[PDB]
Structure formats: structure tokens, C-alpha cells
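Following: one structure in C-alpha cells, then a few remarks.
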Amino acid sequence: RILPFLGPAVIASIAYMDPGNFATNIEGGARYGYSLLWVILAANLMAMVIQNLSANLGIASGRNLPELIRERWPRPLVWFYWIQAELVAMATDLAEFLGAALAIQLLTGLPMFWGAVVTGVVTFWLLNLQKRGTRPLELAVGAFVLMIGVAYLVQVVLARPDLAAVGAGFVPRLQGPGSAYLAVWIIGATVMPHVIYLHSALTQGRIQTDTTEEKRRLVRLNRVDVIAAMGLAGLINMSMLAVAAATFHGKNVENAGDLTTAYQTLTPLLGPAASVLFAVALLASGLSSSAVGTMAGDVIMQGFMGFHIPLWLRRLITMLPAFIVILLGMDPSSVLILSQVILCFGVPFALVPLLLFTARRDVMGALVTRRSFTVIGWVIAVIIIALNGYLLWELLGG
């Protein structure tokens with residue numbers, strides 16, 4: 001009624017400031033300063049449009065994106081969509097689980113194993129907020145997102161960034177490879193597929209309506225909510241870029257990508273509090289997006305398949321890759337890479353059904369996405385798919 005879809009929007013935004021974005025934005029600032037801010041902005045406004053379509057999809061149609069895929073498309077393709085999404089929600093949760101567990105290690109020093117054990121029970125409880133209703137989880141991530149922003153505003157004011165150099169960083173341009181490659185990373189690996197499905201689910205039948213006029217009133221309300229929540233995610237990501245830029249650019253800081261070193265190098269540069277507020281930000285970022293990713297996986301199979309496995313069981317499965325990595329002891333290289341391959345793999349599968357169904361009257365009724373805007377969504381999906389193919393190309397090889 002007032003802000004009906006902020007919750008759904010905030011649950012969707014947290015995936016766009018997950019630990020994955022922390023490492024990317026940190027390395028972005030550390031290596032090339034502010035010269036990539038325009039990429040974070042452009043990437044965020046693109047996702048802002050995407051998540052707005054998924055939200056509108058659930059509002060107008062009263063069915064989440066996996067639901068419409070289940071009833072409209074053959075079950076061979078649906079079963080693959082369930083498996084595809086499950087791997088995407090699982091690969092995504094991995095970088096969020098490990099990032100959360102890493103944050104605990106930075107705060108207490110416990111081995112990554114127990115840090116992951118802490119991440120499990122806590123991330124589990126965050127989904128018993130989901131068993132009954134959903135508002136409680138929406139405040140949970142809301143309060144978490146709130147502690148991600150204040151953590152990086154106070155870091156920005158500490159990093160003392162050169163607004164002239166921050167503004168110059170918003171001019172679309174780059175200088176050679178690496179900078180260009182990392183920009184392609186931000187464009188390609190920003191849209192989170194698992195949240196494209198979930199967002200429509202948190203909006204379906206959220207406000208019971210029985211007309212076509214009352215629905216479009218929700219579409220206009222939801223639009224402000226998505227832009228507000230997604231816009232927030234951008235500024236935060238821009239903050240993570242500027243802080244790293246305002247601290248590591250010309251400081252001989254190498255290997256700044258991984259967070260276990262940025263946390264360390266922050267103490268002698270900014271201060272010990274800059275490191276703590278960075279670790280808690282990472283912690284809150286990992287717990288939330290992991291819990292959201294777990295709820296995403298729940299509505300994913302519920303919508304694609306119908307049947308529903310216990311959340312604790314689902315929590316346990318997605319929790320195994322993390323411990324496998326910890327008990328193994330590999331570098332984020334093979335981890336951060338292999339996982340983002342699956343996300344880049346699942347981006348197209350999330351946007352193609354979204355742009356199509358949102359352009360059908362048998363799904364949307366009189367709330368079909370304006371043709372002029374359906375186009376803008378496809379050109380957005382094309383370059384993201386294109387740049388996902390390039391990334392996917394560059395790692396796999398060819």
C-alpha cells in the first residue's frame with residue numbers, strides 16, 4: 001500500500017552487494033582507482049531494470065518466473081531450469097558462504113572451518129524467519145543492508161576520496177587491458193539469476209488484488225521500491241570501489257583482490273576500525289545473500305517442480321561446497337572463477353524467460369511491459385549475455 005515491495009526489492013538488492021561484489025570492487029579501486037565507477041553505475045542501472053521486470057512479472061501475472069516457466073514450457077526444459085538454477089543458487093551461495101566465513105576469521109581468527117560452521121547455523125536461522133511469513137526475513141536483510149551502507153559511508157569519509165578523481169572516474173573510458181577486463185567483469189557478473197526468480201516470487205500475490213487497475217497501481221509502487229533498493233546497492237558498490245581506490249591505488253598493494261589481504265592492508269593505511277567495519281560489512285553481506293540465496297533455491301524448485309525439500313536440508317547441501325573448499329584449501333582463483341562461470345551461465349536463462357513473459361498479454365494482461373521498454377531490456381540483456389560469453393570464453397578457453 002505505502003511501500004509494499006521494498007522488502008522484496010531489498011531482498012533482491014543484497015545479492016548485488018554480496019561478498020562477490022566486495023572482492024571485485026576492492027580490486028577495482030585498488031588497481032585502477034576510480035576509473036571504473038561508471039561501470040558500477042551502468043551495471044547497477046541495468047540490474048535495476050532487470051529486477052524491476054521480475055518484480056513486475058509477479059505483480060501483473062500473480063506467478064513467479066519459475067512458475068510461468070513450469071506451466072508454459074515443456075518439462076524437459078523446466079527440469080533443466082530447476083537444475084540450472086539450483087547450481088546457480090549453489091555456486092552463488094558458495095562465494096557468499098565463504099565470504100561470510102572469511103569475515104568471521106578476520107574478526108576472531110578462527111580457522112575457516114569453524115567460521116563456516118558459524119555461517120551455517122546462523123544462515124539457517126535466517127530462513128526460519130521464512131518458514132512463517134516472509135516480512136521477518138525482509139527486515140533481517142533490511143537491517144543487514146543498513147549495516148552494509150553505514151559501514152561503507154563511514155569508510156568513504158575515512159578514505160577521504162578525491163571527488164575530482166571520483167568524478168573523473170564517472171567519465172566512460174578505460175586505459176588498456178585489466179582495467180577493460182575488470183569493467184567487463186562488473187558488467188557481466190552483476191545480474192544475479194537466483195534473485196531474478198525470487199524477486200517475482202516475493203511480489204506474486206503479495207497484495208491481493210482482483211482488478212487490472214489496482215495492479216498497475218502496484219507496478220508504479222514497486223518501481224520506486226526497486227530503484228530505491230537497487231540504487232542503494234549501486235552506491236554501496238561505488239563506495240567499496242572508492243574506498244579501495246582511496247587507499248590502495250598507489251600503495252604497492254598487490255593481491256588486493258582477496259579480502260583477507262585488503263582487511264590487513266587497511267589497518268596500517270586507514271586504521272583498525274576501517275578493517276573491522278569492512279569485515280562486519282563483509283560478514284553481514286555474506287550472511288544475508290547466503291540466506292536469500294537459500295530462499296531463492298527454495299522458490300526455484302517449488303516453482304519449477306512443485307515439491308519442496310526442508311530448508312535445513314537445502315541449507316546443508318549448499319553448505320557442503322564451502323566446507324569442501326575449506327577442507328581442501330584452494331585459492332579463490334579456482335573458487336571465485338568456477339562459481340561465476342555458473343552465474344554467467346545462468347544469467348541468460350534468467351533474462352530470456354523474463355523479457356518474454358513480461359511481453360505477453362496472456363501473462364501480464366493490460367500490464368504488458370511497454371514495447372519501448374521491452375526493447376531496452378533486450379539490449380541490456382544482449383550486452384550482458386555477450387560479455388558473459390566473453391568471460392565464459394576467456395576462462396574455459398577457445
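Of note:
- By the beta-carbon count within 10 Å of each Cβ, the least crowded to most crowded order of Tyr197, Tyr34, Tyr263, fewest first, is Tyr263, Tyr34, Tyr197.
- The slack between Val276 and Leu77, meaning 0.36 nm per residue of separation minus the straight C-alpha distance, is 67.1 nm.
- For the pair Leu146 and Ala180 in one chain, pulling the backbone fully straight at 0.36 nm per residue adds 9.1 nm over the alpha carbon distance.
- Sparsely packed loop sites in the stretch 358-391 (the trypsin sites (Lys or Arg not before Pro) outside DSSP H, G, I, E and B with at most 16 other Cβ atoms within 10 Å) comprise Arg360, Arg370.
- Separation in nanometres of the label points that stand 7 Å from Cα toward Cβ, at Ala165 and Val122: 3.3 nm
- Length gained when the stretch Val224-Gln264 is fully extended (0.36 nm per residue, less Cα-Cα span): 10.5 nm
- Over the chain: helical MRE at 222 nm, DSSP H runs n ≥ 4 each giving -39500 (n - 2.57), nearest 500: -26500 deg cm²/dmol
- From the C-alpha gyration tensor of the chain, square roots of 5λ in Å: 32, 23, 20
- If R0 equals 51 Å, the separation of the Cβ atoms of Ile324 and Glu213 corresponds to a calculated FRET efficiency of about 0.45.
- Net charge over other residues, Cβ less than 11 angstrom from the Cβ of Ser61 (K, R count +1; D, E count -1): +2
- Modelled spin labels at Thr374 and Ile309, positioned 7 Å past Cα toward Cβ, are 3.7 nm from each other.
- Global geometry of the stretch 106-225, whether rounded, prolate or oblate, following the gyration tensor of its Cα atoms and the 1.5 cut on a/c: oblate
- Modelled this way, with points 7 Å down the Cα-to-C-beta line, the labels at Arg132 and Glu394 are 4.9 nm from one another.
- For the chain, modelled as a GNM whose springs connect Cα atoms under 10 angstrom apart, the maximal fluctuation among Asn252, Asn237, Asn222 occurs at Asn252.
- The order of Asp210, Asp162, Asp225, going from fewest to most other C-beta atoms within 10 Å of their C-beta, is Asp210, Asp162, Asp225.
- Listed by number, the DSSP H helices of the chain that run 24 Å or longer by alpha-carbon position along their axis and have mean Kyte hydropathy of at least 0.0 are 37-61, 75-108, 135-159, 213-248, 272-304, 311-328, 332-357, 371-396.
- A Stokes-Einstein calculation at 20 °C with viscosity 1.002 mPa s, built on the Kirkwood radius of the stretch 225-317 over Cα pairs, returns a diffusion coefficient of 135 µm²/s.
- As a rough guide to protection, the peptides 74-81, 388-395 ranked by mean Cβ packing within 10 Å, highest first, stand as 388-395, 74-81.
Here Cβ is always computed from backbone atoms with ideal geometry, including for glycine, and neighbour counts include all displayed protein chains. The numbers here are math on the coordinates, done by the rules we state, and not lab data.
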